[PDB]
Amino acid sequence: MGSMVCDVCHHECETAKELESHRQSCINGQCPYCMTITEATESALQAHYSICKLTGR
Ligand SMILES: [Zn+2]
Ligand SMILES: [Zn+2]
C-alpha cells in the first residue's frame, strides 16, 4: 500500500487525484476512463491495468 496505490486492485494510477475515481470503478469491476468491465478482483483488475493507461489520460 502507498499514497499512489488503489484500495481495491492495489495498482498505480497516473495522479493521486484520479486514484480516488480508480477505486470507485474497481469496486464495480470497471476501468475509470476506458469503461471496460471485468471481475471486481485484484487479479482481473491488475491484468486490465497492465495494458491500460487511459486511467488519467
Ligand atoms: Zn484500482
Ligand atoms: Zn481501462
# chains A, B, ... in the order shown; residues from 1 in each chain; ligands from 1
>>> residues_near_ligand(ligand="ligand 1", cutoff="10 Å", atoms="only C-alpha atoms and all ligand atoms", output="PyMOL selection string")
chain A and resi 5-13+18-27+29-32+40-42+45-46+49+55
>>> select_by_dssp(residues="chain A", states="helix (DSSP H, G or I)", output="ChimeraX atom specification")
/A:19-26,42-49,54-56
>>> write_last_selection(atoms="N, CA and C atoms", output="PDB file, in the first residue's frame")
ATOM      1  N   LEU A  19      -6.792   8.598  -8.629  1.00  0.00           N
ATOM      2  CA  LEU A  19      -6.741   7.427  -7.747  1.00  0.00           C
ATOM      3  C   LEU A  19      -8.049   7.220  -6.952  1.00  0.00           C
ATOM      4  N   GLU A  20      -8.703   8.318  -6.564  1.00  0.00           N
ATOM      5  CA  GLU A  20      -9.991   8.309  -5.858  1.00  0.00           C
ATOM      6  C   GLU A  20     -11.138   7.830  -6.768  1.00  0.00           C
ATOM      7  N   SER A  21     -11.063   8.108  -8.075  1.00  0.00           N
ATOM      8  CA  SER A  21     -12.028   7.607  -9.066  1.00  0.00           C
ATOM      9  C   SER A  21     -11.712   6.153  -9.436  1.00  0.00           C
ATOM     10  N   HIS A  22     -10.423   5.787  -9.477  1.00  0.00           N
ATOM     11  CA  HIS A  22      -9.916   4.439  -9.765  1.00  0.00           C
ATOM     12  C   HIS A  22     -10.597   3.404  -8.858  1.00  0.00           C
ATOM     13  N   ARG A  23     -10.454   3.552  -7.530  1.00  0.00           N
ATOM     14  CA  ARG A  23     -11.079   2.666  -6.528  1.00  0.00           C
ATOM     15  C   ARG A  23     -12.607   2.552  -6.637  1.00  0.00           C
ATOM     16  N   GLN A  24     -13.299   3.644  -6.977  1.00  0.00           N
ATOM     17  CA  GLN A  24     -14.762   3.673  -7.156  1.00  0.00           C
ATOM     18  C   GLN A  24     -15.237   2.909  -8.408  1.00  0.00           C
ATOM     19  N   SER A  25     -14.353   2.670  -9.379  1.00  0.00           N
ATOM     20  CA  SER A  25     -14.644   1.864 -10.570  1.00  0.00           C
ATOM     21  C   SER A  25     -14.211   0.409 -10.323  1.00  0.00           C
ATOM     22  N   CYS A  26     -13.055   0.185  -9.682  1.00  0.00           N
ATOM     23  CA  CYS A  26     -12.544  -1.132  -9.289  1.00  0.00           C
ATOM     24  C   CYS A  26     -13.525  -1.923  -8.408  1.00  0.00           C
ATOM     25  N   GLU A  42      -8.639  -8.140  -7.558  1.00  0.00           N
ATOM     26  CA  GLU A  42      -7.334  -7.559  -7.880  1.00  0.00           C
ATOM     27  C   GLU A  42      -6.627  -8.286  -9.035  1.00  0.00           C
ATOM     28  N   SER A  43      -6.766  -9.612  -9.137  1.00  0.00           N
ATOM     29  CA  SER A  43      -6.163 -10.426 -10.197  1.00  0.00           C
ATOM     30  C   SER A  43      -6.666 -10.046 -11.595  1.00  0.00           C
ATOM     31  N   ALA A  44      -7.971  -9.786 -11.738  1.00  0.00           N
ATOM     32  CA  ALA A  44      -8.581  -9.388 -13.007  1.00  0.00           C
ATOM     33  C   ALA A  44      -8.319  -7.906 -13.329  1.00  0.00           C
ATOM     34  N   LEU A  45      -8.423  -7.031 -12.325  1.00  0.00           N
ATOM     35  CA  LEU A  45      -8.172  -5.597 -12.476  1.00  0.00           C
ATOM     36  C   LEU A  45      -6.695  -5.312 -12.805  1.00  0.00           C
ATOM     37  N   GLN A  46      -5.736  -5.984 -12.157  1.00  0.00           N
ATOM     38  CA  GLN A  46      -4.303  -5.857 -12.474  1.00  0.00           C
ATOM     39  C   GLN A  46      -4.015  -6.283 -13.920  1.00  0.00           C
ATOM     40  N   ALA A  47      -4.647  -7.359 -14.409  1.00  0.00           N
ATOM     41  CA  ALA A  47      -4.498  -7.806 -15.795  1.00  0.00           C
ATOM     42  C   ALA A  47      -4.971  -6.726 -16.792  1.00  0.00           C
ATOM     43  N   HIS A  48      -6.041  -5.992 -16.461  1.00  0.00           N
ATOM     44  CA  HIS A  48      -6.540  -4.881 -17.273  1.00  0.00           C
ATOM     45  C   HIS A  48      -5.597  -3.665 -17.211  1.00  0.00           C
ATOM     46  N   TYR A  49      -5.266  -3.178 -16.011  1.00  0.00           N
ATOM     47  CA  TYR A  49      -4.391  -2.013 -15.832  1.00  0.00           C
ATOM     48  C   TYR A  49      -2.948  -2.229 -16.322  1.00  0.00           C
ATOM     49  N   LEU A  54      -5.253   4.921 -19.934  1.00  0.00           N
ATOM     50  CA  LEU A  54      -6.300   5.940 -20.110  1.00  0.00           C
ATOM     51  C   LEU A  54      -6.843   6.428 -18.750  1.00  0.00           C
ATOM     52  N   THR A  55      -6.549   5.686 -17.673  1.00  0.00           N
ATOM     53  CA  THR A  55      -6.877   5.905 -16.251  1.00  0.00           C
ATOM     54  C   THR A  55      -6.618   7.319 -15.708  1.00  0.00           C
ATOM     55  N   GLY A  56      -5.828   8.122 -16.423  1.00  0.00           N
ATOM     56  CA  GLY A  56      -5.540   9.527 -16.137  1.00  0.00           C
ATOM     57  C   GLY A  56      -5.001  10.270 -17.366  1.00  0.00           C
TER      58      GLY A  56
END
>>> closest_residue(among="A:34, A:57, A:14, A:3", to="ligand 2", atoms="only C-alpha atoms and all ligand atoms")
A:34
